[PDB]
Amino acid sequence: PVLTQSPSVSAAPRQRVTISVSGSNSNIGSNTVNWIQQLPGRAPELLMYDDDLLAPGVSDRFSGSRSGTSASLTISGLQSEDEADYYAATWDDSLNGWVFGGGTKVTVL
């Protein structure tokens, strides 16, 4: 994975959790970031796109932002169904292709 994400975390229901990612000028510094959620055993799906836009049907407990070569996804009011792996995805101008973070697991206690 070209992008470095914050390590997996355990958190309680209703906690606020922020997953962050950092890259370089050729990806996050010049391209918008998307956030992919991978639920256990399910196909991965887009939660957020264009830095801060919610995919249709996604809860507004999710919020996104980008600054410089870093970006983050914040989950407010954490809930058991949010237990998942979260991946940043962005375009990389040097690779001329998609690059991804290694993933961050959120475990809901």
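By rigid core we mean the largest C-alpha set that fits within 1.5 Å across both forms. Numbering starts at 1 and runs along the sequence shown.
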- Query: Comparing C-alpha positions in 4 other deposited structures of this protein against this form, with the rigid core used for the fit, which stretch differs more, 23-31 or 38-46?
  - Reply: 38-46
- Message: Rigid core superposition, C-alpha RMS per stretch in 4 other deposited structures of this protein: which comes out larger, 100-108 or 4-12?
- Response: 4-12
- Task: State which stretch shows the higher mean Cα B factor in the entry: 32-40 or 46-54.
- Result: 32-40
- Between 86-94 and 5-13 (mean CA B-factor, as deposited), the higher: 5-13
